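Below you'll find only one chain, the form deposited in one PDB entry, shown as structure tokens.
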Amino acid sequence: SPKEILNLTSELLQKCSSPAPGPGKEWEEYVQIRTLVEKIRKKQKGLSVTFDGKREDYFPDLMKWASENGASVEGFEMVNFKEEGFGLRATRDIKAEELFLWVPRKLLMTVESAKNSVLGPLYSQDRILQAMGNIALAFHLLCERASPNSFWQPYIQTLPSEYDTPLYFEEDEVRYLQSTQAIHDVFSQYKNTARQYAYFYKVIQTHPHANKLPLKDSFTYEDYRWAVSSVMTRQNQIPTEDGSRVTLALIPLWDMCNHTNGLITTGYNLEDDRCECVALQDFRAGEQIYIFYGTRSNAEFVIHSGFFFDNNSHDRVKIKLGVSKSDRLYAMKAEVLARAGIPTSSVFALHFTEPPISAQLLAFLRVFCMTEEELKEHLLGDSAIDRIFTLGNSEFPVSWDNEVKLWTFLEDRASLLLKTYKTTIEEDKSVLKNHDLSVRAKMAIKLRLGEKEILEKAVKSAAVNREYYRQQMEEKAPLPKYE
């Protein structure tokens, strides 16, 4: 059986090291890789190390350990909420901006602590570990999980045992994402993870610099999926102790906070060497304590944090655009864009919240739609630089004609993008209303719905703008001038 797993991992490494198969064959490849992974997983015994107690049986130890090492442990308690899972709940009133959580550096798991641990020897030799701090943290987690007297045992014993990252989805749950923007990144995550498991399985079972690792006795695919999912859903960037560089870290106790809309209120205090969190809003006793994770899209939250966030005010989709080399005006348009600090082709964003396009995308679309004489006015003479400076400003159009053209283009492009999905908004809403679904399936369906709702909002906005600027052109109103 040891020889059998080694050969299955060899085949998996070869399969997942193959070049990209082409976007049209990525689903086929994904199913093929899943088949190999699931065959390996069913031949293994799950997580190599499991604990006897329930998850909540270990939170008292987490609190004592954090307390002994200088962290805040009063004013909150751990509660298993249905929607978010375990999180923190206030036991007293906490006022907005109050410093209520702090975590000294000695409690953290960092790239630096990974190097100085039992992983150190293999880290010092393996090019991938040295280049990929996130992968290093995952093996740091696994090595300490498998070490009976690890300093971080109270943290590791309170981590979840399962996640809702796409690595855990059923095939049919991922199938809901066919034809979306997000599914390519799900394919990549799966292939990356399986390739990494197969590579490190071989390294650990043969290489001498890994001879002393606790993972030589047992290193299962489930172990690795758990480890990378733990890191991706909760890792943080912090400054190094001298504050000159940045590093990746897991931050115990504070990382139990769940997400809500707002602003980042967690920062590193270099002088006192600890993470510090101030209250994002008022929390009354009995309310869940939330933080704002960051301005990530629902794609990023699903794929990398394992959840979908309703009413994510930072949600967005990608839109790829560029000036065509076949444009008679390419040279002038590319020069205007270069002077404005915008590339000639790029992946932009469409946003759910107003305004749907950024200053950069507005500037791009204005140039994309300029006439030769407008381009000359942005290239020549003593007002050309002033004209460049306003290109991102909605209040100062190049011309009414330019606006009608660019909103007409965006309306048409967003409408076209909507037609490339395998279901409609109305159909997705019917699915969510009329079918009974798992959490994971709902994540996938809400993600594909969300992509389309952003496109549909852009269509409607572009149509309103087009009609506004058409009327200004009909009335030949005087153009605004920036003063």
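Throughout, we count residues from 1 along the sequence that is shown. Rigid core (definition): largest C-alpha set, two forms, superposition within 1.5 Å.
In the record comparison, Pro19 is modelled in each of the other entries of this protein that model the residues flanking it, with no third of them omitting it.
Of the two stretches examined, 471-479 and 456-464, the record assigns the greater average C-alpha temperature factor to 471-479.
Averaged over their C-alpha atoms, the temperature factors of 56-64 and 444-452 are higher for 56-64. Based on the entry's C-alpha B-factors, the most elevated value among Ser305, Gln130, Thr193, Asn134 belongs to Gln130.
Comparing the listed residues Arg92, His378, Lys318, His207, the entry records the largest Cα B-factor for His207. For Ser438, the recorded CA temperature factor ranks within the lowest third of the chain's modelled residues. Among all modelled residues in its chain, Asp428 ranks in the lowest third by Cα B-factor. Among the modelled residues of the chain, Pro356 sits in the highest third by CA temperature factor in this PDB entry. In this PDB entry, the Cα temperature factor of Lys39 sits in the middle third of its chain's modelled residues. When all modelled residues of the chain are sorted by CA temperature factor, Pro160 is found within the lowest third.
Only in words, not in the display: the form deposited in another entry, which the text now covers.
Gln205 is the only residue from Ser161, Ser188, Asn80, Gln205 whose Cα shifts by 2 Å or more between this form and the one not shown, the rigid core being superposed.
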